[PDB]
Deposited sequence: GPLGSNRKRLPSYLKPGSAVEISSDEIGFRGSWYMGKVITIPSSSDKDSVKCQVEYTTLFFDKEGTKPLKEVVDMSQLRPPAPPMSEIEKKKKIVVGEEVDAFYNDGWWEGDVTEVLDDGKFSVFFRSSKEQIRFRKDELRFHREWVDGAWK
């Protein structure tokens, strides 16, 4: 079993339910056994009242480790038109292109799955990484 799937460990969570395309939501593994585990989302809940954190059985292929801590130079390089990024939106990371860089530290970001175009502050974005074959790209 992969190191990062140990119960208790932080993860990010993909989905192929339509309307979660391009998202990675943060959570934790609850139960390892089939090719499937159960997680607990850190920011979603079963209920508006938010008393019961959401829990769900997924495939292990919908899971990936937390994104790597950006180095200090990486953590402060410039963001440019066309960079792929993840914006923090509906309490989740969503992937989009940067289409405009604005004079006040702000960016405008195009989402292809949802035809959406939304402004964000720099501290609401992260650099989009992919997690293939065990390594961060």
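What the model leaves out of the deposited chain are the segments 1-9, 43-48.
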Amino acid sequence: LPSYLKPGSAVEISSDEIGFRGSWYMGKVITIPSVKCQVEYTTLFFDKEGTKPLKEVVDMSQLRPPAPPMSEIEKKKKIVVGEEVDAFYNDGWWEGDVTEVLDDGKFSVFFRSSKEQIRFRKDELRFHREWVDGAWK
From here on, numbers count along this sequence of modelled residues.
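Mean CA B-factor, 94-102 versus 63-71: the higher value falls on 63-71. Of the two stretches examined, 78-86 and 45-53, the record assigns the greater average C-alpha temperature factor to 45-53. For the set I32, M26, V39, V109, the PDB entry assigns the largest Cα B-factor to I32. When the C-alpha B factors of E17, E124, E12, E116 are read from the deposited coordinates, the top value falls at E17.
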